[PDB]
Amino acid sequence: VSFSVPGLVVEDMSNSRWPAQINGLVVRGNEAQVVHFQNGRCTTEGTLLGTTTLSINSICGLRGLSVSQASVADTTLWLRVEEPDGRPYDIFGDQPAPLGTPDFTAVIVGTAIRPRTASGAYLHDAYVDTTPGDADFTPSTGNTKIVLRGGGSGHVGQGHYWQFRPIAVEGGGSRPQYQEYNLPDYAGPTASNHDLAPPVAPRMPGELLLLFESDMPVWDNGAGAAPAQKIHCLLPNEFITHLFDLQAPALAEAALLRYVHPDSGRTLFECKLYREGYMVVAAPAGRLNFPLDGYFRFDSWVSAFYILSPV
Amino acid sequence: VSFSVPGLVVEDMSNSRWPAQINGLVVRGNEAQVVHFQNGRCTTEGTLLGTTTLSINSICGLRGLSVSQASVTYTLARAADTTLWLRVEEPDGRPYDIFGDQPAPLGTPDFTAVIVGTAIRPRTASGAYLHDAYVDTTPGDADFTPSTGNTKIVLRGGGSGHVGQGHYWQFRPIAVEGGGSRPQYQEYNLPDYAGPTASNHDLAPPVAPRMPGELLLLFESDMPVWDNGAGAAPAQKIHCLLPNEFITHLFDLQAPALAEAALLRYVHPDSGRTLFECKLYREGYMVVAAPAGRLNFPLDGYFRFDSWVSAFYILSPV
């Protein structure tokens, strides 16, 4: 099985850590906080890592059956968390958390949805605090908490299927900071993480990480004063499904890709997609100034010692 | 270039008319209302039709720059609302061509209902903003007019002072209204894209199986319902001809059709065999030799292409 990458242009593709179109290409330096994404992790061989799911609608979310408090103004909701396919989450399995679980610290605003109940369907505005400031973000233990904002009393009875779907993160002066590079405590304050997908840092000199950018919406209680935000991922969802389906064996540490712009009738730049599923370019940190209507094309397998032409 | 379909299991794939995982397979009969979807339209050769976009996050939504009004019980709750006016554009940010080959901008909602969601103003230098919102796509609202280059978004209960012109906005769908005396959600009913005054144009063609004993196979998802926190409205579904992963697969592949339909087999790894077979017609829909109603098969199986066949090929019953 010969290797290949999707022929879709970048602005057609989507973020694998957040529900959004890709609208930017940026190069990140080797900052103190190392990239440790749990979502959007796929090898060139199509091996999924961390909490990565192929179900785009399950990304950065929680779903499962409601349960009572004792079994574990606003209204609290308790879920026994499960996988996107509906099968139960394996506590002592090979994952730090259920697939699609948020992989960063913030207060995440969104909707709590109870779609199938015979007594009638329900939804309400909700938020999930994934910072260590909240003791009850514990999806690694099999249960987690969701807060229904301003209402929801009488609707959180046990035995019903719920979903939390993300809309935005909180911003503003006295709200918890949104830190997309900061991994949460999946097991809460009392316990440790396990089976995390490995850190991403370029080994070779002169090679920096290339990230796919999206806008990150911000909630500030209707003020409209909080500063605009971004969120990033190693590979687009369309890349991940392509590789997973293909299951092509890696023939070298990296695949040399060229970014091809039909209008310009030429290649604009080239990059290295490493076996571990991240891209690098010989370029300094910061936003790349290229049109997003170009696509990546695979040309050959190269070693880690291959010297890229500057961007 | 040989034809093929994705090897992904069904419960891994997503709906091309709504933001949701696929969780059902159902067979629809030839009802009075013919399937006329504008989103989720792709031929087996990878030709996109209607308002179909490859950007899954732009599906059933509206985006563009804000504009002034001059540029363009129920009554009580309405007074508390704020209207937002957008000059609609494509997902890539390029302007909508009013006299182009589309009934509306790509990703526009293709059914009549009140759609609840979020109005997002994500990049403004003065600070980012969002608010709870709804879009009335029924002929009951004169101002759903995306075909004309402008449409309306209603901010529920607030938003005054935030709807100034010149800023980038998005409307993203969360649910449809379902309350007792609220507009009906009718996923098979095409909206008036130009409003009451003008007619639609360049609609993707109707879908109805020609061959006898063949009914349409649809991919089902849950549809969330908003009823102002009552929780009494009955549960809903939404359907599509092909999953998003099918559409991107065909678009990238660009394989020429060698016959009227592609014979697909549904393969279940645990059972170690094919469970049923179907026909994927060139026009981009699937059919099966089966009566109407929900199919009872596990969703951890995948479709596999076996050969090109004519419309007269007789499928084995499901």
# chains A, B, ... in the order shown; residues from 1 in each chain; ligands from 1
$ residues_around --residues "segment 82-85 of chain A" --least-positions-apart "4" --cutoff "9 Å" --atoms "only C-alpha atoms" --output "PyMOL selection string"
(chain A and resi 53+55+58+62-65+89-90+98-100+142) or (chain B and resi 11-12+21+23+299-300)
$ residues_around --residues "residue 155 of chain A" --least-positions-apart "5" --cutoff "10 Å" --atoms "only C-alpha atoms" --output "JSON, numbers by chain"
{"A": [75, 77, 114, 122, 123, 124, 160], "B": [229, 230, 231]}
$ select_by_dssp --residues "segment 55-262 of chain A" --states "strand (DSSP E)" --output "ChimeraX atom specification"
/A:62-67,75-81,107-114,122-129,143-148,161-170,208-216,218-219,229-233,254-261
$ interface_residues --of "chain A" --to "chain B" --cutoff "7 Å" --atoms "only C-alpha atoms" --output "PyMOL selection string"
chain A and resi 7-8+11-14+19-21+54-55+57+85+113+115-116+119-124+215+217-219+222+224-228+245
$ write_last_selection --atoms "N, CA, C and O atoms" --output "CSV table (one decimal), in the first residue's frame"
chain,number,residue,atom,x,y,z
A,7,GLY,N,-5.9,15.4,-1.2
A,7,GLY,CA,-5.7,16.4,-2.1
A,7,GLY,C,-6.6,17.6,-1.9
A,7,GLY,O,-6.8,18.4,-2.8
A,8,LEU,N,-7.2,17.7,-0.7
A,8,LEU,CA,-8.0,18.8,-0.4
A,8,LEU,C,-7.3,20.0,0.0
A,8,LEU,O,-6.2,19.9,0.7
A,11,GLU,N,-8.3,25.3,3.4
A,11,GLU,CA,-9.5,26.0,3.9
A,11,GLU,C,-10.7,25.1,3.7
A,11,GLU,O,-11.8,25.5,4.2
A,12,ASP,N,-10.6,24.0,3.1
A,12,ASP,CA,-11.7,23.0,3.0
A,12,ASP,C,-11.7,22.1,4.2
A,12,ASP,O,-12.7,21.4,4.5
A,13,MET,N,-10.5,22.0,4.9
A,13,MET,CA,-10.4,21.0,6.0
A,13,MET,C,-10.7,21.5,7.4
A,13,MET,O,-10.9,22.7,7.6
A,14,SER,N,-10.7,20.6,8.4
A,14,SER,CA,-11.2,21.0,9.7
A,14,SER,C,-10.2,20.6,10.9
A,14,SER,O,-9.4,19.7,10.8
A,19,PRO,N,-14.3,22.2,17.1
A,19,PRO,CA,-15.2,22.2,15.9
A,19,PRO,C,-15.0,23.5,15.1
A,19,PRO,O,-15.7,24.5,15.4
A,20,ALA,N,-14.1,23.5,14.1
A,20,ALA,CA,-13.9,24.7,13.3
A,20,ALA,C,-13.1,24.4,12.0
A,20,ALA,O,-12.3,23.5,12.0
A,21,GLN,N,-13.4,25.2,11.0
A,21,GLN,CA,-12.6,25.2,9.7
A,21,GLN,C,-11.2,25.6,10.0
A,21,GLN,O,-11.0,26.4,11.0
A,54,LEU,N,-12.4,9.3,15.2
A,54,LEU,CA,-12.7,9.6,13.8
A,54,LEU,C,-14.0,10.4,13.7
A,54,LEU,O,-14.3,11.0,12.7
A,55,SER,N,-14.8,10.4,14.8
A,55,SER,CA,-16.1,11.0,14.8
A,55,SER,C,-16.0,12.5,15.2
A,55,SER,O,-15.9,12.9,16.3
A,57,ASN,N,-17.8,15.0,15.3
A,57,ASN,CA,-18.8,15.6,16.2
A,57,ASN,C,-18.6,15.3,17.6
A,57,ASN,O,-19.2,15.8,18.5
A,85,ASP,N,-19.1,5.5,20.1
A,85,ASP,CA,-19.9,4.5,19.5
A,85,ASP,C,-20.9,3.9,20.5
A,85,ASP,O,-21.7,3.1,20.1
A,113,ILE,N,-27.1,18.3,26.0
A,113,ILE,CA,-28.2,17.8,25.2
A,113,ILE,C,-28.7,16.4,25.6
A,113,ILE,O,-27.9,15.5,25.7
A,115,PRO,N,-31.2,14.0,24.0
A,115,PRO,CA,-31.9,14.0,22.7
A,115,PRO,C,-32.9,12.8,22.5
A,115,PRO,O,-33.7,13.0,21.6
A,116,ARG,N,-32.9,11.8,23.3
A,116,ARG,CA,-33.7,10.6,23.0
A,116,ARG,C,-34.8,10.2,24.0
A,116,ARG,O,-35.5,9.2,23.8
A,119,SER,N,-40.0,10.8,27.5
A,119,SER,CA,-40.7,11.8,28.2
A,119,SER,C,-40.6,13.2,27.4
A,119,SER,O,-41.4,14.1,27.7
A,120,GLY,N,-39.7,13.2,26.5
A,120,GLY,CA,-39.4,14.5,25.7
A,120,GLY,C,-38.0,14.9,25.7
A,120,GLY,O,-37.2,14.6,26.7
A,121,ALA,N,-37.6,15.5,24.6
A,121,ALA,CA,-36.2,15.9,24.4
A,121,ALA,C,-35.9,17.1,25.2
A,121,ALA,O,-36.7,17.9,25.5
A,122,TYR,N,-34.6,17.3,25.6
A,122,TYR,CA,-34.2,18.5,26.4
A,122,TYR,C,-32.8,19.0,26.1
A,122,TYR,O,-31.9,18.2,25.6
A,123,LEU,N,-32.6,20.2,26.3
A,123,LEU,CA,-31.2,20.8,26.2
A,123,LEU,C,-31.2,22.1,27.1
A,123,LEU,O,-32.2,22.6,27.4
A,124,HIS,N,-30.0,22.5,27.5
A,124,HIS,CA,-29.8,23.7,28.3
A,124,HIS,C,-28.3,24.2,28.2
A,124,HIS,O,-27.4,23.4,28.0
A,215,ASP,N,-10.1,29.7,14.5
A,215,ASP,CA,-10.6,30.7,15.5
A,215,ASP,C,-11.2,30.0,16.7
A,215,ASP,O,-11.8,28.9,16.6
A,217,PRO,N,-13.9,30.7,19.7
A,217,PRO,CA,-15.0,31.6,20.2
A,217,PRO,C,-14.8,31.9,21.7
A,217,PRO,O,-14.3,31.0,22.4
A,218,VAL,N,-15.2,33.0,22.1
A,218,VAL,CA,-15.1,33.4,23.5
A,218,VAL,C,-16.4,33.9,24.1
A,218,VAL,O,-17.1,34.6,23.5
A,219,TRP,N,-16.7,33.4,25.3
A,219,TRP,CA,-17.9,33.7,26.1
A,219,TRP,C,-17.5,34.6,27.3
A,219,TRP,O,-16.6,34.3,28.1
A,222,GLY,N,-21.9,38.1,27.7
A,222,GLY,CA,-22.5,39.1,26.8
A,222,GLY,C,-21.8,40.5,26.8
A,222,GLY,O,-22.3,41.4,26.2
A,224,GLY,N,-18.7,41.2,25.5
A,224,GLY,CA,-18.0,41.4,24.2
A,224,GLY,C,-16.7,42.1,24.3
A,224,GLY,O,-16.3,42.8,23.4
A,225,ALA,N,-16.1,42.0,25.5
A,225,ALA,CA,-14.8,42.8,25.7
A,225,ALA,C,-13.6,41.9,25.8
A,225,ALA,O,-12.5,42.4,25.7
A,226,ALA,N,-13.8,40.6,26.0
A,226,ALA,CA,-12.7,39.6,26.1
A,226,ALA,C,-11.9,39.5,24.8
A,226,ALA,O,-12.5,39.5,23.7
A,227,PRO,N,-10.6,39.3,24.8
A,227,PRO,CA,-9.8,39.2,23.6
A,227,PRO,C,-10.0,38.0,22.8
A,227,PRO,O,-10.2,36.9,23.4
A,228,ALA,N,-9.9,38.1,21.5
A,228,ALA,CA,-10.1,36.9,20.6
A,228,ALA,C,-9.0,35.9,20.8
A,228,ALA,O,-7.9,36.1,21.2
A,245,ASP,N,-7.7,5.0,7.2
A,245,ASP,CA,-8.3,4.2,6.1
A,245,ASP,C,-7.2,3.5,5.3
A,245,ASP,O,-7.3,2.4,4.9
$ atom_distance --atom1 "atom CA of residue 210 of chain B" --atom2 "atom CA of residue 188 of chain B"
19.2 Å
$ residues_around --residues "segment 257-274 of chain A" --least-positions-apart "2" --cutoff "7 Å" --atoms "only C-alpha atoms" --output "PyMOL selection string"
chain A and resi 253-255+276-281+293-299+308+311
$ atom_distance --atom1 "atom CA of residue 107 of chain A" --atom2 "atom CA of residue 187 of chain A"
17.0 Å
